[PDB]
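K.L.:
Input: one structure, supplied below.
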Amino acid sequence: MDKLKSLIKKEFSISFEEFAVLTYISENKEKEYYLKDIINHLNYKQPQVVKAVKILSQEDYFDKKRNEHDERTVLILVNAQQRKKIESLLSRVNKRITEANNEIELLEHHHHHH
């Protein structure tokens, strides 16, 4: 695994694909979303986005439901407590990404090996 991906996964119990799902959700801030539309926008593949959504639903970040007119389509819903939890997570991950870069820059500013 990548070092920053491993650092985020160890700290938050969720991988960078889940952070990308939550980032897209925050960039499109609403009470409701379509899983089909999230799959179309994200760079990750359909089953990767499904696994990230599955993990985030199991971790209670949002609620999954079937569409009532055509059950092939799936929605994702965000309650007021979930909205605050998503902003809190995204800010803490951004803080850890920043601090990880600050440690890398400090290690490169420090003396190198012979």
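Convention: chains lettered A, B, ... in structure tokens order; per-chain residue numbering from 1; ligands numbered from 1 as shown.
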Do you know which residues are at most 12 Å from residue A:13 counting only C-alpha atoms, after dropping those on the same chain fewer than 6 positions away, and could you put them as a VMD selection string?

P.N.:
chain A and resid 5 to 7 19 52 55 to 56 58 to 59 89 93

K.L.:
I'd like the neighbourhood of residue A:60 as a PyMOL selection string, where a residue qualifies if any of its atoms comes within 12 Å (using only C-alpha atoms), though same-chain residues fewer than 6 positions away should be ignored.

P.N.:
chain A and resi 53-54+76-79+81-83+85-86

K.L.:
Go ahead and write the selection's residues with N, CA and C atoms as a compact mmCIF listing (two decimals), in the first residue's frame.

P.N.:
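So again20.txt came out as:
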# COMPACT_ATOMS: atom_id res chain seq x y z
N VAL A 53 -18.66 2.96 -0.66
CA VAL A 53 -20.04 3.27 -0.22
C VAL A 53 -20.54 2.27 0.82
N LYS A 54 -20.25 0.98 0.64
CA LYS A 54 -20.59 -0.11 1.57
C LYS A 54 -19.93 0.11 2.94
N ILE A 76 -28.48 7.72 -1.99
CA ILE A 76 -27.72 7.89 -0.75
C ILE A 76 -28.19 9.18 -0.06
N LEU A 77 -28.50 9.11 1.23
CA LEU A 77 -29.10 10.19 2.02
C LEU A 77 -28.21 10.60 3.19
N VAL A 78 -28.20 11.90 3.50
CA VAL A 78 -27.38 12.51 4.56
C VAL A 78 -28.26 13.27 5.55
N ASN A 79 -28.33 12.77 6.79
CA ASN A 79 -28.98 13.42 7.93
C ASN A 79 -28.11 14.57 8.49
N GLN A 81 -26.78 15.21 11.51
CA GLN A 81 -25.63 14.68 12.27
C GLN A 81 -24.55 14.11 11.34
N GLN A 82 -24.97 13.41 10.29
CA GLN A 82 -24.08 12.89 9.24
C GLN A 82 -23.38 14.01 8.46
N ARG A 83 -24.08 15.11 8.13
CA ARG A 83 -23.47 16.29 7.48
C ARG A 83 -22.29 16.84 8.30
N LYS A 85 -20.59 15.19 10.78
CA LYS A 85 -19.61 14.08 10.79
C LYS A 85 -18.75 14.05 9.52
N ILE A 86 -19.35 14.25 8.35
CA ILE A 86 -18.64 14.31 7.06
C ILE A 86 -17.70 15.52 7.00

K.L.:
Let me make sure I understand: among A:34, A:44, A:84, A:22, which one has the smallest atom-to-atom distance to residue A:65 if we use only C-alpha atoms?

P.N.:
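Ranking A:34, A:44, A:84, A:22 by distance to residue A:65, first place goes to A:34.
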
K.L.:
For each of A:50, A:20, A:80, A:107, take the minimum atom-to-atom distance to residue A:8, counting only C-alpha atoms, then give the residue where this is smallest.

P.N.:
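Closest residue, counting only C-alpha atoms: A:20.
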
K.L.:
Grab the atom CA of residue A:91 to atom CA of residue A:74 distance for me, in Å with one decimal place.

P.N.:
27.6 Å

K.L.:
Considering only C-alpha atoms, can you say which of A:16, A:63, A:42, A:108 comes closest to residue A:1?

P.N.:
A:16

K.L.:
Please identify which residues in chain A DSSP calls helix (DSSP H, G or I) from the backbone, and express them as number ranges by chain.

P.N.:
A: 3-12, 16-27, 35-41, 46-58, 80-109

K.L.:
Which of chain A counts as strand (DSSP E or B) under DSSP, as a PyMOL selection string please?

P.N.:
chain A and resi 32-34+63-66+74-77

K.L.:
At a cut-off of 10 Å, using only C-alpha atoms, what residues contact residue A:48? Leave out same-chain residues fewer than 6 positions from it and give the result as JSON, numbers by chain.

P.N.:
{"A": [17, 18, 39, 54]}

K.L.:
Hey, what's within 9 Å of residue A:38 if we count only C-alpha atoms and toss same-chain stuff fewer than 2 positions away? As a PyMOL selection string, please?

P.N.:
chain A and resi 21+24-25+33-36+40-42+49
